[PDB]
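> First the structure, then my questions, so here it is.
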Amino acid sequence: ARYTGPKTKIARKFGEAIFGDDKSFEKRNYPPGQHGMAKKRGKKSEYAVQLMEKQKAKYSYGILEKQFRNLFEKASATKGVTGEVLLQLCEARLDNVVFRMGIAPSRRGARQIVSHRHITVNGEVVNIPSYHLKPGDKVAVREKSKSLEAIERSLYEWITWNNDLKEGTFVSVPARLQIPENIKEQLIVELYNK
Amino acid sequence: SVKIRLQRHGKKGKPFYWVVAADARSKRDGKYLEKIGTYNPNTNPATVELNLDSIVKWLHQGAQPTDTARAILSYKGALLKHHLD
Amino acid sequence: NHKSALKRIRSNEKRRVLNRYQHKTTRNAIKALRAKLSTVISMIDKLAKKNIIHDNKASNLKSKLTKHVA
Amino acid sequence: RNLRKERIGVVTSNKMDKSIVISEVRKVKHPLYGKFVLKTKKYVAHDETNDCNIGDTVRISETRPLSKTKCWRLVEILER
Amino acid sequence: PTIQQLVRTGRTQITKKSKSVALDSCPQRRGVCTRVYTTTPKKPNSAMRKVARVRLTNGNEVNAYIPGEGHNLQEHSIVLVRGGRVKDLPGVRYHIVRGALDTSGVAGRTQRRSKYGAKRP
RNA sequence: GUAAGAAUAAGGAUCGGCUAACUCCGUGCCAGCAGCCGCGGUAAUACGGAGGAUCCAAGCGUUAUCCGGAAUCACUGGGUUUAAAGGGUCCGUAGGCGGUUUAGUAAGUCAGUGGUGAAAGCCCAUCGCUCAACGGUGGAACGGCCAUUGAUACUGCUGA
RNA sequence: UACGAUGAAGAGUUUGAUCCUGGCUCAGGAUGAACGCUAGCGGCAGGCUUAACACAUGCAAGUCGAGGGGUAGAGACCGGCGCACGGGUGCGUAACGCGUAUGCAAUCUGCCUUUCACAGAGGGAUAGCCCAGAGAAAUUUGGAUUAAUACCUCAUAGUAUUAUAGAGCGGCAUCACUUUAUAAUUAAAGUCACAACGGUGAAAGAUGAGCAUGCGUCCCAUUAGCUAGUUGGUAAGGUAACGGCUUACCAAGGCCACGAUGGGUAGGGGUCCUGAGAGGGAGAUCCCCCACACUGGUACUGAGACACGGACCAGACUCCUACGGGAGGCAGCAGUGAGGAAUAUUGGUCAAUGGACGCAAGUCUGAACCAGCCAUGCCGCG
């Protein structure tokens, strides 16, 4: 399933615009609710800190707790940095790459364009948002819905995107020092090892 | 009579057979003697992985192939090689 | 019961009467024989041929017979 | 041939006709505490002329079953 | 202690006696009630808790506690015991499922509807 | 592949501490709640209802049976003066342990080789189902056992 | 400043307050799960854990006319093969049952494969059919009778068996393999012609099936003695094969605190869950081994059974009856009643794979492949 709800609320309950720094991030930036607008609780537990740091990443991309735990224990099979490979495989998702390529300016629109047979991956059309893009994939756009109204309206360090043929040539898997995200993976690892 | 037959081991809808020599009094996909080859009729060429080093050995020891077994061992060899005395 | 089931109870009787006849005919001889020794060996070998007396056991009897007649 | 099993033991009692009984001791490691434990087992061997007595060190070999609970024979008497 | 003592007689592991025993290790058990009455807690609580003497299908007489408010529970009714003791009534070590075969649910309940067997309004 | 149409589709648990989330109304040790501490005797963040908030999500809670937390049967990995724990004290059988040097064997121990340790299953890598589940292939593993060839530092046996 | 190891969290609660020991509870994972609320799909997997309780009805093992007489207009019968496979359950069993490693110089082996030597003459019967019955039925009794790849005589055949007599090789004791004479004894089948399929004996291989052994095999010592064919031996009967397996005789042996015996429970393993690991808890679904087929016993046929859908006998249930007597066994698939908190269609097809028969065509296959029901679990999407 998906969230399918207010995104400004999710941005306010975390204090960080993860769906685009735009309207409503200011103008009562404090968390929502009749008791969040007032002086919140001062003492915040480390469990609350770790849980919210996990939920920030779980909400930014649109992953459920089940799939997030599956991906975490999948990435934990790598002998390297567990949080690093976790974030790498979370960024390697198809909808995330489509969102980073400029199309679908939000991930909520990425996981509505990728789930409509509007985008192709290495030839055959792949309409699975959770598709794991391995380094060295070729993402194109279906010629039927190539000249749409929203695609051209909406149109990184590792994505080589070409606007003439809707290219993007996903290669050179990025690292934590390159992926811009305000999340701490060590806290997520400690929470899942709790 | 030890026979050379096929064991189904694929998934529902897409079969995948093991060409294996086994006794006739055993279940289809259960006990066997020695795996010989492999048959995949999921592509147009109908891929096979026959082992002519043991196929002719079992045929000399007294194996008895079935219709599909002797049709797979036909266009992969070891039959025109088992005939040569 | 099956059609094949109502054929073995009928054929095995015709087999068993003959088997019992040929078995007792030589059992009485090997009993009241303990020289006409070369007359029950034929019956023992015929039983072994008919697979009644198991040629292994038949040879056991043949060896045990001509070992005390000496 | 195939070199059937062979054991080395100590005669325990000779009170039967043409048959002896020997005891064999082995040191096996404990499955939990890893301490070597001395475990015993008594075999029944076959003797012909009733030569060995209690307190000897014999060497037996496994053969066909010559009787119930008797499948060994003494071949290599070492010490008396 | 000593490795030789452990080799002789090892460590004795206990069986960890269970909690709910008179239900034959089943999640729920059907039963018939014989006496529905009210009891008092120990201390310092003060109430009138509703309990029922239930005879399970395996020939076991237990005391079950009726949760919530509103029920019929006549002198003979088919109930479904599930388990879960209470720290107020000495002897009552089982609970009755609300919404079972013959027992009633609850009316006017809107928060905890999965429990107490209440349909969605 | 073609043609209308956001249309045909979101609920459960929790909000005193453990543990993520607080305000009001009604009852006044009553009705009730409860995994433990325990709350309610008339200003209840703990009972019922309303609003808001948190978690999970086509699922959510309770029960029943297991492992972990439990170092709470402890070889790894606990203790016996006062918290549970030194026998009332000696002798001694079986058993457990063994001062120094030296010679022999190689039983324990160590190393190599051959056979076996079925297939399936777990893990790793790679391919086909649009991904995954699933399936194919390969390796590792199967901590084990039998035979044989060596080493002799330590334990066992024999001699001094 | 390398190597490998990707792995280890706590909290509440005794007191006016503190420390320590110590018990209870919670935070996680999992399930043949059940209940309450809720509910859109797809792929795949799973589905009586309790009464091995009782079953209405349908199907589940048949095939060969290229063995034979061949009838009505095919069926049925003799004969060959199969039915000992596949499928189901876990009652019983604490044990060479199972796992593991070997041995058989104490073993057998249909169908299958490869070689050698051959398939020559004869005969009496009897199925089916016909003539009469005795019976409600089941079923069964008389007479004369026609065939076979049915059965039975003689001759023939060895690297066949036995006995006596010479030998070589070789041990692991009993002895093992091969060769040579002599004596005795044991086979056949043909389908009118061809093709095609067959038959007998001997040897080797493969496969399958047995016996023995070392090690690991739950709890109770508020179970300390057990065993009398029992322990060993000498001769016979034997079994495929050694063996107290059985019998006759002699001796008193054999096991036991390193747990005999007795009682309770339980099919075993590869495996599943959990755990950092060492360990702990279970043995659904998949595969291998064992036991069973209403409760017990016994034997025949057959290479192979002391035989799920074969026989006989006894016992308890259900049914038919003319009261004399008879027919039964879903621990096979789909289903019914009961029990339980709880687990489904009286479905389709042999189209693939496997199995039986057949030279083949071909027949059967509730094995198997599909389909229906259950959000039961995993994954994916909305």
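Residue numbering restarts at 1 in every chain; chains get A, B, ... in the order shown in the structure tokens, and ligands count up from 1 in that same order.
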Using DSSP assignments from the backbone, pull out every residue in region 2-49 of chain B that falls under strand (DSSP E or B) and give it to me as a list in words.

residues 2, 3, 4, 5, 6, 7, 8, 11, 14, 17, 18, 19, 20, 21, 22, 23, 34, 35, 39, 40, 47 and 48 of chain B

> Please provide the set of residues having any atom within 7 Å of region 38-41 of chain F, restricted to only C-alpha atoms (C1' of nucleotides), with same-chain residues fewer than 5 positions apart removed, written as a ChimeraX atom specification.

/F:28-29,46

> At a cut-off of 9 Å, using only C-alpha atoms (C1' of nucleotides), what residues contact region 52-58 of chain C? Leave out same-chain residues fewer than 6 positions from it and give the result as a PyMOL selection string.

(chain C and resi 19+22-23+41+44-46) or (chain G and resi 161+239-240)

> Do you know which residues are at most 12 Å from residue 122 (chain F) counting only C-alpha atoms (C1' of nucleotides), after dropping those on the same chain fewer than 6 positions away, and could you put them as a PDB file with C-alpha atoms (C1' of nucleotides), in the first residue's frame?


```pdb
ATOM      1  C1'   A F 140      30.621 -23.749   0.318  1.00  0.00           C
ATOM      2  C1'   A F 141      28.630 -26.595   4.267  1.00  0.00           C
ATOM      3  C1'   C F 142      27.154 -31.465   6.018  1.00  0.00           C
TER       4        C F 142
ATOM      5  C1'   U G 271      15.106 -31.247   8.439  1.00  0.00           C
ATOM      6  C1'   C G 272      11.775 -26.531  10.756  1.00  0.00           C
TER       7        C G 272
END
```

> With only C-alpha atoms (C1' of nucleotides) considered, list every residue of chain A at most 9 Å from chain G, as a list in words.

residues 1, 2, 76, 77, 78, 79, 80, 82, 115, 128, 130, 190, 193 and 194 of chain A

> Could you save those same residues with C-alpha atoms as a short mmCIF file (atom, residue, chain, number, x, y, z; two decimals), in the first residue's frame?


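The resulting file, selection.cif, is reproduced below:
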```
data_model
loop_
_atom_site.label_atom_id
_atom_site.label_comp_id
_atom_site.auth_asym_id
_atom_site.auth_seq_id
_atom_site.Cartn_x
_atom_site.Cartn_y
_atom_site.Cartn_z
CA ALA A 1 0.00 0.00 0.00
CA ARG A 2 0.88 3.70 -0.14
CA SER A 76 23.02 -6.50 5.95
CA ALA A 77 24.34 -9.54 4.05
CA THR A 78 27.09 -7.28 2.65
CA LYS A 79 30.26 -7.18 4.76
CA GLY A 80 30.61 -3.42 4.22
CA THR A 82 25.36 -1.81 6.70
CA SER A 115 2.87 2.26 -12.14
CA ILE A 128 7.13 -2.08 -10.87
CA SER A 130 10.25 -1.31 -6.32
CA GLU A 190 20.65 0.31 16.20
CA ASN A 193 19.16 -4.43 16.22
CA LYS A 194 17.28 -3.43 19.40
#
```

> For region 25-27 of chain D, find every residue with an atom within 6 Å (counting only C-alpha atoms (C1' of nucleotides)), except residues of its own chain fewer than 4 positions away, and show them as a ChimeraX atom specification.

/D:36-40

> List as a list in words the protein and nucleic acid residues near residue 302 (chain G), meaning an atom at most 12 Å away when only C-alpha atoms (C1' of nucleotides) are counted, but skip any in the same chain fewer than 4 places from it.

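Counting only the stated atoms, we get residues 8, 11, 12, 15, 16, 50, 51 and 52 of chain C; 81, 82, 83, 84, 110 and 307 of chain G.
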
> I need the contact residues of chain B against chain F, so if you could list those with any atom within 12 Å, counting only C-alpha atoms (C1' of nucleotides), and return them as a VMD selection string, that would help.

chain B and resid 8 to 18 29 to 35 38 to 40 42 to 43 47 49

> For residue 6 (chain E), please output as a PyMOL selection string all residues within 12 Å (counting only C-alpha atoms (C1' of nucleotides); exclusion window: fewer than 4 positions along the same chain).

(chain D and resi 30+32-35) or (chain E and resi 1-2+10-12) or (chain F and resi 73-75)

> One decimal, in Å: what's the spacing between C1' of residue 51 (chain G) and CA of residue 24 (chain E)?

16.4 Å

> So how many Å separate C1' of residue 139 (chain G) and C1' of residue 322 (chain G), to one decimal?

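Straight-line distance from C1' of residue 139 (chain G) to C1' of residue 322 (chain G) works out to 16.5 Å.
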
> From chain B, collect each residue whose DSSP state is alpha helix (DSSP H) and return the set as JSON, numbers by chain.

{"B": [52, 53, 54, 55, 56, 57, 58, 59, 60, 61, 67, 68, 69, 70, 71, 72]}

> Could those residues be written to a file, using C-alpha atoms, as an mmCIF file, in the first residue's frame?


```
data_model
loop_
_atom_site.group_PDB
_atom_site.id
_atom_site.type_symbol
_atom_site.label_atom_id
_atom_site.label_comp_id
_atom_site.auth_asym_id
_atom_site.auth_seq_id
_atom_site.Cartn_x
_atom_site.Cartn_y
_atom_site.Cartn_z
ATOM 1 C CA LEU B 52 27.129 -39.110 -23.193
ATOM 2 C CA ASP B 53 29.861 -40.383 -20.850
ATOM 3 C CA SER B 54 27.272 -42.017 -18.563
ATOM 4 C CA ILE B 55 24.297 -42.418 -20.919
ATOM 5 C CA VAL B 56 26.008 -45.138 -22.960
ATOM 6 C CA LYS B 57 27.367 -46.667 -19.746
ATOM 7 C CA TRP B 58 23.859 -47.102 -18.343
ATOM 8 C CA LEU B 59 22.598 -48.319 -21.727
ATOM 9 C CA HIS B 60 25.289 -51.013 -21.674
ATOM 10 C CA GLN B 61 24.517 -51.886 -18.049
ATOM 11 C CA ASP B 67 9.684 -42.443 -25.622
ATOM 12 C CA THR B 68 10.715 -38.940 -24.540
ATOM 13 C CA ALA B 69 13.997 -40.245 -23.120
ATOM 14 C CA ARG B 70 14.984 -41.936 -26.393
ATOM 15 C CA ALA B 71 13.812 -38.862 -28.313
ATOM 16 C CA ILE B 72 16.039 -36.580 -26.226
#
```

> Check the smallest atom-to-atom distance from each of G:199, G:207, G:4, G:70 to residue 1 (chain B) using only C-alpha atoms (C1' of nucleotides), then report the winner.

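Residue with the minimum atom-to-atom distance to residue 1 (chain B): G:207.
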
> Could you work out which residues of chain E fall inside 9 Å of chain D? Count only C-alpha atoms, and format the result as a CSV table (one decimal) with C-alpha atoms, in the first residue's frame.


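Everything below was put into iface_9.csv:
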```csv
chain,number,residue,atom,x,y,z
E,3,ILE,CA,33.9,-31.4,35.5
E,4,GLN,CA,33.9,-35.0,36.9
E,6,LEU,CA,29.1,-32.8,35.8
E,7,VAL,CA,30.1,-35.9,33.9
```

> So which one's closest to residue 151 (chain A), A:102, A:192, A:121, A:114? Using only C-alpha atoms, please.

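Closest candidate: A:102.
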
> Determine, for each residue of chain E having at least one atom at most 8 Å from an atom of chain F, the closest pair of atoms and their separation in Å to one decimal, counting only C-alpha atoms (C1' of nucleotides); order by chain and ascending number, as a tab-separated table.


```
residue	atom	partner	partner_atom	distance
E:4	CA	F:96	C1'	6.9
E:11	CA	F:73	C1'	4.8
E:12	CA	F:73	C1'	5.6
E:13	CA	F:73	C1'	5.9
E:25	CA	F:64	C1'	5.7
E:26	CA	F:64	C1'	5.1
E:27	CA	F:64	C1'	4.1
E:28	CA	F:63	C1'	6.9
E:45	CA	F:29	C1'	6.7
E:46	CA	F:29	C1'	5.5
E:47	CA	F:29	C1'	7.4
E:68	CA	F:32	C1'	7.4
E:82	CA	F:63	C1'	5.6
E:83	CA	F:63	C1'	6.4
E:84	CA	F:63	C1'	7.9
E:114	CA	F:61	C1'	7.1
E:115	CA	F:62	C1'	7.7
```

> Give as a PyMOL selection string every residue of chain A that touches chain F within 10 Å, counting only C-alpha atoms (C1' of nucleotides).

chain A and resi 1-3+32-36+47-48+51-52+64-66+77+94+120-121+124-133
